Amino acid sequence: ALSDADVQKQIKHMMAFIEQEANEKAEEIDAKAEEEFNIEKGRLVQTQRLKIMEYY
Amino acid sequence: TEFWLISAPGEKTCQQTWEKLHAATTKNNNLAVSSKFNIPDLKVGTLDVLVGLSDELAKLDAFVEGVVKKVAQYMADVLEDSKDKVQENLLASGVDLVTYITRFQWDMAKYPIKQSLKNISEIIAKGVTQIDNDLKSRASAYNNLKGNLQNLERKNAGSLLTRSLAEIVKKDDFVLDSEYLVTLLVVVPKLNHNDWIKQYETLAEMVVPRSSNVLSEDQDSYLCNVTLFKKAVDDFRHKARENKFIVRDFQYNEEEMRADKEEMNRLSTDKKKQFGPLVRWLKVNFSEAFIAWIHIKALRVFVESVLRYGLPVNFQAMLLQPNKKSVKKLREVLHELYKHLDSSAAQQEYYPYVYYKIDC
Amino acid sequence: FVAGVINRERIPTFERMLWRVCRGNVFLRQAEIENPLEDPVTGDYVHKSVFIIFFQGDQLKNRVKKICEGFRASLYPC
């Protein structure tokens, strides 16, 4: 149902979806990375501060 | 009242006017009424989520369409601000449906634009779901009230042969506090009224002569009371039946008649009191149902436009108010205008553009 | 998707059905078989021609699966 120009159009469209998906996934990955940053930092520092306080 | 909702690929800015202002090319040569469709700019992820959303929205659309039409019928049954021959619909956004749709706006108050579509859809779905349950329950309770009230009206309906005597019999109609006597009420057809008056005195042994009088009359018979010795009642009612007179199974009872009168007065007042809040409840539910309905259609437009044309999501969506007998011309025009984009992807629903109907 | 065994009975409509599900998001693979093999269901030899689409989206891949199952196409390539 497509001419070569339209096949190319369809492919460009797919590529666009590929790019949009990757862009969204990466943004999600960085946001979660920052949440995990703060969560793990807390876990670790609190855990050892506690150990220190107990020894104190 | 049907409106057409369409969307073009929007490659060029002329599409804003080609769908409205281009008298050379526009609808019925610029004779159909068109207006701008306000759409939020929402986030899309991959194409499969869009596919899911399309399916979900089609299902949500059908659900809400059914709900909003059902509640419209409920109000039609109520007969307040909407009838089947006039006032075909209720106001939406505080304006008439024609006004609402013509100047339709996106309700960002309910569907924040910073959210993903998945969440927007879920939010709408929840709203219309709650509205549906709230009004279904309310309507059922109201219908049950209407039912009981009609049941009481029917109970207190009919002729003296069957009609309740609550509004007929007075204390002064019965011989009360007698050791031997009871007062019975017998219905004698009017044609034999004098025969009853002449005959009742001799229907049974030990009856009180000349005691007969008339409590009520209707178009077929008279209801007369007779005082008689308790033990002759069997002979009285037997022989009365033999002479084609019908005795009612009734004795004076103040408490039952009062209870019936107040229960009817209470149920009628309750009907009025619920009516008051009924119309406000249902009208608000309608308003919101219609707003959500069109919101759903707008989302169906968004999803299909993006799914077919890709991103960026810049499409030219327009509403038409079709003119009588011009459907064919509009379809021919739209086809020639947009057929080159699909040639075969899009009878019953497939057109070379985004297309939905609004059924009003 | 795959260069399978099809008589090109419904491929003219297979493609359109794909366009109907999504706007041709992925190109189809085309092939033609010279002196095609005898189709097992047919029990005789018919020319075979294949035009099958591959999709990256899961909802649509599943949709295509259903179409391929419904349509006269050969699909089970690994």
# chains A, B, ... in the order shown; residues from 1 in each chain; ligands from 1
call {"tool": "closest_atom_pairs", "arguments": {"of": "chain A", "to": "chain B", "cutoff": "7 Å", "atoms": "only C-alpha atoms", "output": "CSV"}}
result
residue,atom,partner,partner_atom,distance
A:1,CA,B:344,CA,6.9
A:13,CA,B:310,CA,5.8
A:17,CA,B:46,CA,6.1
A:20,CA,B:45,CA,6.5
A:21,CA,B:46,CA,5.2
A:24,CA,B:45,CA,6.6
call {"tool": "write_last_selection", "arguments": {"atoms": "C-alpha atoms", "output": "compact mmCIF listing (two decimals), in the first residue's frame"}}
result
# COMPACT_ATOMS: atom_id res chain seq x y z
CA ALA A 1 0.00 0.00 0.00
CA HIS A 13 8.22 7.13 12.14
CA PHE A 17 9.27 6.02 18.39
CA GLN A 20 11.20 8.73 22.17
CA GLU A 21 11.14 5.47 24.07
CA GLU A 24 11.91 8.40 28.30
call {"tool": "residues_around", "arguments": {"residues": "range 49-58 of chain C", "least_positions_apart": "4", "cutoff": "10 Å", "atoms": "only C-alpha atoms", "output": "JSON, numbers by chain"}}
result
{"A": [14, 18], "B": [46, 47, 48, 49, 50, 51, 52], "C": [1, 2, 3, 4, 5, 6, 7, 8, 9, 11, 12, 14, 15, 18, 24, 25, 26, 27, 28, 29, 30, 31, 32, 33, 34, 36, 62, 63, 64, 65, 68, 73, 74, 75]}
call {"tool": "write_last_selection", "arguments": {"atoms": "C-alpha atoms", "output": "JSON list (two decimals), in the first residue's frame"}}
result
[["chain", "number", "residue", "atom", "x", "y", "z"],
["A", 14, "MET", "CA", 9.40, 3.94, 13.78],
["A", 18, "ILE", "CA", 12.52, 4.27, 19.17],
["B", 46, "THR", "CA", 6.22, 3.93, 23.25],
["B", 47, "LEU", "CA", 3.71, 2.92, 20.64],
["B", 48, "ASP", "CA", 2.47, -0.16, 22.50],
["B", 49, "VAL", "CA", 1.32, 1.90, 25.43],
["B", 50, "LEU", "CA", -0.60, 4.04, 23.00],
["B", 51, "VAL", "CA", -2.14, 0.85, 21.59],
["B", 52, "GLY", "CA", -3.22, -0.21, 25.02],
["C", 1, "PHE", "CA", 8.48, -10.72, 10.36],
["C", 2, "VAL", "CA", 9.25, -13.86, 8.40],
["C", 3, "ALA", "CA", 9.59, -14.80, 4.72],
["C", 4, "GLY", "CA", 7.05, -17.59, 5.05],
["C", 5, "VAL", "CA", 4.80, -19.63, 2.80],
["C", 6, "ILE", "CA", 1.69, -17.80, 1.64],
["C", 7, "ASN", "CA", -0.30, -18.03, -1.60],
["C", 8, "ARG", "CA", -0.82, -14.27, -1.53],
["C", 9, "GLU", "CA", -4.49, -14.96, -0.90],
["C", 11, "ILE", "CA", -1.56, -10.58, 1.77],
["C", 12, "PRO", "CA", -3.13, -7.74, -0.25],
["C", 14, "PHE", "CA", -2.83, -8.63, 5.35],
["C", 15, "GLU", "CA", -0.88, -5.44, 4.80],
["C", 18, "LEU", "CA", -1.64, -4.19, 9.64],
["C", 24, "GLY", "CA", 2.58, 0.46, 9.32],
["C", 25, "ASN", "CA", 5.03, 1.12, 12.12],
["C", 26, "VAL", "CA", 7.46, -1.44, 10.71],
["C", 27, "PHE", "CA", 8.28, -2.44, 7.16],
["C", 28, "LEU", "CA", 7.29, -5.88, 6.00],
["C", 29, "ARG", "CA", 9.64, -8.50, 4.61],
["C", 30, "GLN", "CA", 8.75, -9.62, 1.11],
["C", 31, "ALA", "CA", 9.77, -12.77, -0.73],
["C", 32, "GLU", "CA", 8.64, -14.90, -3.64],
["C", 33, "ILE", "CA", 9.16, -18.64, -3.97],
["C", 34, "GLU", "CA", 9.93, -19.98, -7.42],
["C", 36, "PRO", "CA", 6.81, -23.30, -4.54],
["C", 62, "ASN", "CA", 0.39, -9.78, 20.00],
["C", 63, "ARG", "CA", -2.18, -8.22, 17.70],
["C", 64, "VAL", "CA", -0.15, -9.27, 14.67],
["C", 65, "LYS", "CA", 0.14, -12.75, 16.11],
["C", 68, "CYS", "CA", -1.43, -14.08, 11.40],
["C", 73, "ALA", "CA", -0.10, -17.10, 6.38],
["C", 74, "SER", "CA", 2.82, -19.26, 7.50],
["C", 75, "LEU", "CA", 4.07, -18.01, 10.86]]
call {"tool": "closest_residue", "arguments": {"among": "C:60, C:78, C:37, C:46", "to": "chain B", "atoms": "only C-alpha atoms"}}
result
C:60
call {"tool": "atom_distance", "arguments": {"atom1": "CA of residue 18 in chain B", "atom2": "CA of residue 6 in chain B"}}
result
12.3 Å
call {"tool": "interface_residues", "arguments": {"of": "chain C", "to": "chain B", "cutoff": "6 Å", "atoms": "only C-alpha atoms", "output": "VMD selection string"}}
result
chain C and resid 16 19 to 20 23 57 59
call {"tool": "write_last_selection", "arguments": {"atoms": "C-alpha atoms", "output": "CSV table (one decimal), in the first residue's frame"}}
result
chain,number,residue,atom,x,y,z
C,16,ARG,CA,-4.0,-3.3,5.1
C,19,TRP,CA,-2.2,-0.6,8.6
C,20,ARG,CA,-5.5,-0.9,10.4
C,23,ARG,CA,0.1,2.8,10.8
C,57,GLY,CA,5.7,-3.1,20.5
C,59,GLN,CA,0.6,-5.1,22.3
call {"tool": "select_by_dssp", "arguments": {"residues": "chain C", "states": "strand (DSSP E)", "output": "PDB file with C-alpha atoms, in the first residue's frame"}}
result
ATOM      1  CA  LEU C  28       7.289  -5.875   5.999  1.00  0.00           C
ATOM      2  CA  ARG C  29       9.638  -8.501   4.608  1.00  0.00           C
ATOM      3  CA  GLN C  30       8.745  -9.618   1.108  1.00  0.00           C
ATOM      4  CA  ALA C  31       9.772 -12.766  -0.730  1.00  0.00           C
ATOM      5  CA  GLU C  32       8.636 -14.898  -3.638  1.00  0.00           C
ATOM      6  CA  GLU C  38       3.346 -28.420  -2.023  1.00  0.00           C
ATOM      7  CA  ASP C  39       1.472 -26.799   0.922  1.00  0.00           C
ATOM      8  CA  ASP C  44      -0.747 -29.854  -3.600  1.00  0.00           C
ATOM      9  CA  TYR C  45       1.821 -27.345  -4.884  1.00  0.00           C
ATOM     10  CA  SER C  49       4.737 -15.433  -1.668  1.00  0.00           C
ATOM     11  CA  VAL C  50       5.450 -13.900   1.730  1.00  0.00           C
ATOM     12  CA  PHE C  51       4.925 -10.382   3.092  1.00  0.00           C
ATOM     13  CA  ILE C  52       5.197 -10.371   6.884  1.00  0.00           C
ATOM     14  CA  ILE C  53       5.652  -7.467   9.316  1.00  0.00           C
TER      15      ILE C  53
END
call {"tool": "atom_distance", "arguments": {"atom1": "CA of residue 334 in chain B", "atom2": "CA of residue 320 in chain B"}}
result
12.1 Å
call {"tool": "residues_around", "arguments": {"residues": "range 224-230 of chain B", "least_positions_apart": "5", "cutoff": "6 Å", "atoms": "only C-alpha atoms", "output": "ChimeraX atom specification"}}
result
/B:180-186,207-208,212-215
call {"tool": "atom_distance", "arguments": {"atom1": "CA of residue 58 in chain B", "atom2": "CA of residue 99 in chain B"}}
result
25.0 Å
call {"tool": "closest_atom_pairs", "arguments": {"of": "range 118-209 of chain B", "to": "range 60-81 of chain B", "cutoff": "10 Å", "atoms": "only C-alpha atoms", "output": "Markdown table"}}
result
| residue | atom | partner | partner_atom | distance |
| --- | --- | --- | --- | --- |
| B:121 | CA | B:60 | CA | 8.5 |
| B:122 | CA | B:60 | CA | 9.6 |
| B:124 | CA | B:60 | CA | 9.0 |
| B:125 | CA | B:60 | CA | 6.8 |
| B:128 | CA | B:64 | CA | 6.7 |
| B:129 | CA | B:64 | CA | 8.3 |
| B:131 | CA | B:67 | CA | 8.9 |
| B:132 | CA | B:67 | CA | 6.4 |
| B:133 | CA | B:67 | CA | 9.8 |
| B:135 | CA | B:71 | CA | 7.5 |
| B:136 | CA | B:71 | CA | 8.2 |
| B:139 | CA | B:74 | CA | 7.3 |
| B:140 | CA | B:74 | CA | 10.0 |
| B:142 | CA | B:78 | CA | 9.6 |
| B:143 | CA | B:78 | CA | 9.6 |
call {"tool": "decode", "arguments": {"residues": "range 29-51 of chain C", "atoms": "N, CA, C and O atoms", "output": "JSON list (two decimals), in the first residue's frame"}}
result
[["chain", "number", "residue", "atom", "x", "y", "z"],
["C", 29, "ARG", "N", 8.70, -7.75, 5.42],
["C", 29, "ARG", "CA", 9.64, -8.50, 4.61],
["C", 29, "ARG", "C", 8.89, -9.20, 3.49],
["C", 29, "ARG", "O", 7.88, -9.88, 3.74],
["C", 30, "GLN", "N", 9.37, -9.03, 2.27],
["C", 30, "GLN", "CA", 8.75, -9.62, 1.11],
["C", 30, "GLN", "C", 9.66, -10.69, 0.53],
["C", 30, "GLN", "O", 10.88, -10.60, 0.62],
["C", 31, "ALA", "N", 9.04, -11.71, -0.05],
["C", 31, "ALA", "CA", 9.77, -12.77, -0.73],
["C", 31, "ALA", "C", 8.82, -13.40, -1.73],
["C", 31, "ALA", "O", 7.60, -13.36, -1.56],
["C", 32, "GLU", "N", 9.40, -14.07, -2.72],
["C", 32, "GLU", "CA", 8.64, -14.90, -3.64],
["C", 32, "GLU", "C", 9.35, -16.21, -3.86],
["C", 32, "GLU", "O", 10.57, -16.24, -4.02],
["C", 33, "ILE", "N", 8.60, -17.30, -3.87],
["C", 33, "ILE", "CA", 9.16, -18.64, -3.97],
["C", 33, "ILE", "C", 8.97, -19.08, -5.41],
["C", 33, "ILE", "O", 7.84, -19.11, -5.91],
["C", 34, "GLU", "N", 10.06, -19.42, -6.09],
["C", 34, "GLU", "CA", 9.93, -19.98, -7.42],
["C", 34, "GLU", "C", 9.72, -21.48, -7.28],
["C", 34, "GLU", "O", 10.42, -22.14, -6.51],
["C", 35, "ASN", "N", 8.76, -22.00, -8.05],
["C", 35, "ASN", "CA", 8.41, -23.41, -8.00],
["C", 35, "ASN", "C", 8.12, -23.68, -6.53],
["C", 35, "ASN", "O", 8.86, -24.43, -5.88],
["C", 36, "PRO", "N", 7.06, -23.10, -5.97],
["C", 36, "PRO", "CA", 6.81, -23.30, -4.54],
["C", 36, "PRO", "C", 6.58, -24.77, -4.20],
["C", 36, "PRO", "O", 6.19, -25.58, -5.03],
["C", 37, "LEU", "N", 6.83, -25.07, -2.93],
["C", 37, "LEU", "CA", 6.57, -26.39, -2.39],
["C", 37, "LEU", "C", 5.08, -26.69, -2.20],
["C", 37, "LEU", "O", 4.23, -25.80, -2.09],
["C", 38, "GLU", "N", 4.76, -27.98, -2.20],
["C", 38, "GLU", "CA", 3.35, -28.42, -2.02],
["C", 38, "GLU", "C", 2.91, -28.10, -0.59],
["C", 38, "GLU", "O", 3.49, -28.68, 0.35],
["C", 39, "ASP", "N", 1.93, -27.20, -0.44],
["C", 39, "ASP", "CA", 1.47, -26.80, 0.92],
["C", 39, "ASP", "C", 0.89, -28.03, 1.62],
["C", 39, "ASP", "O", 0.07, -28.73, 1.00],
["C", 40, "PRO", "N", 1.26, -28.31, 2.89],
["C", 40, "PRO", "CA", 0.79, -29.53, 3.54],
["C", 40, "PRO", "C", -0.74, -29.54, 3.72],
["C", 40, "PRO", "O", -1.35, -30.56, 3.44],
["C", 41, "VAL", "N", -1.31, -28.41, 4.15],
["C", 41, "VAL", "CA", -2.79, -28.31, 4.31],
["C", 41, "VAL", "C", -3.44, -28.45, 2.93],
["C", 41, "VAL", "O", -4.42, -29.20, 2.81],
["C", 42, "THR", "N", -2.87, -27.78, 1.92],
["C", 42, "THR", "CA", -3.41, -27.86, 0.53],
["C", 42, "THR", "C", -3.29, -29.29, 0.02],
["C", 42, "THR", "O", -4.26, -29.77, -0.60],
["C", 43, "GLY", "N", -2.16, -29.95, 0.28],
["C", 43, "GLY", "CA", -1.94, -31.31, -0.25],
["C", 43, "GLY", "C", -1.46, -31.25, -1.69],
["C", 43, "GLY", "O", -1.30, -32.32, -2.30],
["C", 44, "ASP", "N", -1.22, -30.04, -2.20],
["C", 44, "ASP", "CA", -0.75, -29.85, -3.60],
["C", 44, "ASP", "C", 0.15, -28.61, -3.66],
["C", 44, "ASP", "O", 0.21, -27.88, -2.66],
["C", 45, "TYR", "N", 0.82, -28.39, -4.80],
["C", 45, "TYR", "CA", 1.82, -27.34, -4.88],
["C", 45, "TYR", "C", 1.22, -26.07, -5.45],
["C", 45, "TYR", "O", 0.64, -26.09, -6.54],
["C", 46, "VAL", "N", 1.37, -24.99, -4.71],
["C", 46, "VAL", "CA", 0.85, -23.68, -5.09],
["C", 46, "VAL", "C", 1.98, -22.69, -4.91],
["C", 46, "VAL", "O", 2.78, -22.82, -3.98],
["C", 47, "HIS", "N", 2.00, -21.66, -5.76],
["C", 47, "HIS", "CA", 3.02, -20.63, -5.65],
["C", 47, "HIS", "C", 2.93, -19.97, -4.28],
["C", 47, "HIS", "O", 1.84, -19.70, -3.77],
["C", 48, "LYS", "N", 4.09, -19.71, -3.67],
["C", 48, "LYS", "CA", 4.12, -19.10, -2.35],
["C", 48, "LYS", "C", 4.86, -17.78, -2.38],
["C", 48, "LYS", "O", 5.88, -17.62, -3.05],
["C", 49, "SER", "N", 4.29, -16.81, -1.67],
["C", 49, "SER", "CA", 4.74, -15.43, -1.67],
["C", 49, "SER", "C", 4.55, -14.91, -0.26],
["C", 49, "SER", "O", 3.48, -15.12, 0.31],
["C", 50, "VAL", "N", 5.55, -14.25, 0.32],
["C", 50, "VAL", "CA", 5.45, -13.90, 1.73],
["C", 50, "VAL", "C", 5.68, -12.41, 1.89],
["C", 50, "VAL", "O", 6.58, -11.83, 1.29],
["C", 51, "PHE", "N", 4.84, -11.79, 2.71],
["C", 51, "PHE", "CA", 4.93, -10.38, 3.09],
["C", 51, "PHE", "C", 4.55, -10.31, 4.57],
["C", 51, "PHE", "O", 3.36, -10.26, 4.90]]
